[PDB]
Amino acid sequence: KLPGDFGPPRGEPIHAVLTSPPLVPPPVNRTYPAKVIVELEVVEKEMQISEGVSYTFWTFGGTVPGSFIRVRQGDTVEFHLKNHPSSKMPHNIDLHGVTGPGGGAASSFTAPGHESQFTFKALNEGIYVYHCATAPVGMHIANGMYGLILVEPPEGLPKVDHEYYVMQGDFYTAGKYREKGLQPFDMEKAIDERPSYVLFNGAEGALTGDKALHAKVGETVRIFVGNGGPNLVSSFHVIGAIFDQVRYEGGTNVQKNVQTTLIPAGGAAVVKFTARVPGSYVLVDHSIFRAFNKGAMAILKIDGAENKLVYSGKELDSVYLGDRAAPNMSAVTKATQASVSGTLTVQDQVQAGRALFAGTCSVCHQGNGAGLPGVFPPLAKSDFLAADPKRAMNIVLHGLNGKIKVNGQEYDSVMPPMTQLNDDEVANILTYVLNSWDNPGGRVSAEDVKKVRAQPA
């Protein structure tokens, strides 16, 4: 006997309503098996992978991850895949959870401007990745072609206050992290499993700041967590909290009371969180350079009353979250645009640099540039800075050590090099500093920094 043996479809055919991340369709709330018609369209389009960084994504439904599909175990799914006429590549789909060769792949092969369909019975309850299955498969997945399908148990999942949709991916650009412009896919980096970005929901900042997920103290939150890969395994973790439950795919096993859980490439899990004290809870890949150097952080922000008996401390700030503590970094997008257009102003640079200074520089120099007398020198009204802005470019790129005098006080410490910052980033940060705190004004250009990078002091 096959699983999901609930009899023939009954009632009326249902046209599935799909949702865009980070939202989820409502519970199916149904006691009978149905014929469910799913319509999904592939769209190839440029989007911002980071501020001022464009990428040609290939998408199911216009988003990365693709639209969320929700059905019931025992349903008959008539799956329609359309490929938008603007596409250049053919596409198809493999849904995990499908019983049949390729998960649908042969029957869903769809050239630009065409449509395909196939039918399958959802035998398997669980949360499942779906993805493109078109040669070269890794290129298609790396370009964003993945999402989740939930096959509910017949009785439905337990009710919760919120349901969200979060999916990790690894991305491979020709340029380095935060290098501006339209970035091609990089096959060599992909084969070597050396991503430039590791993201939730298709972009840096997709789920941080003003795009955070929300709930209130006392509420329950279910997150459907995918790992589209193509290549990485996520050490998936919530900072400052615990998962009540973690369940992989449709497995019988449920782990309870864990904070860190490994999600295979192509894997998916359902996690549950109970909000206990207010603040921001960070979802990360705890392979830490991914989370803190490549974009792999998302936020669940909890509103409500503090409970000092449980936690006396403060909300997260830029020391830990860096430049993602703030609502957004729109000023960086604006400055990059203005550079392209040849209209970059001092103030455009100042505002971009203000955004980028947070964490990156403020951890030591403070948000007001005051530093800490004798320990971290000031950037505010800094004689040392004013005396030689080219030296300041060298200091950011190449670090500084040894005894120095700043505003009448000796320092004898170490500023690490920050060579991973791009030329525009150094330029904008220093222009911000120069135009703040009674510093002398003026500006530093990306070309100025390019020259210092090519010939260090």
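Sequential numbering from 1, following the sequence displayed.
Colleague: Which has higher Cα B-factors on average according to the PDB entry: 240-248 or 154-162?
Modeller: For C-alpha atoms only, the mean B-factor is higher in 154-162.
Colleague: Mean Cα B factor from the PDB record: higher for 299-307, or higher for 335-343?
Modeller: It is 335-343 that shows the higher mean C-alpha B-factor.
Colleague: Which one of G104, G228, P373, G126 shows the biggest C-alpha B-factor in the PDB entry?
Modeller: In this record, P373 carries the highest C-alpha B-factor of the candidates.
Colleague: So among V406, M393, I429, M415, who wins on Cα B-factor in the entry?
Modeller: Highest CA B-factor of the listed options: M393.
Colleague: Based on the deposited C-alpha B factors for this chain, I'd like to know if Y411 is in the lowest, middle or highest third.
Modeller: Middle third by C-alpha B-factor.
Colleague: Split the chain's modelled residues into thirds by Cα B-factor; is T419 in the lowest, middle or highest one?
Modeller: Highest third.
Colleague: Please place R72 in the lowest, middle or highest third of its chain by C-alpha B factor as given in the entry.
Modeller: Middle third, going by the recorded CA B-factors of the chain.
Colleague: Mind checking which third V28 falls in for C-alpha B-factor across the chain?
Modeller: Tercile = highest for this residue's CA B-factor.
Colleague: Using only modelled residues of the chain, where does the Cα B factor of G147 rank: lowest third, middle third or highest third?
Modeller: It belongs to the lowest third of the chain when residues are ordered by C-alpha B-factor.
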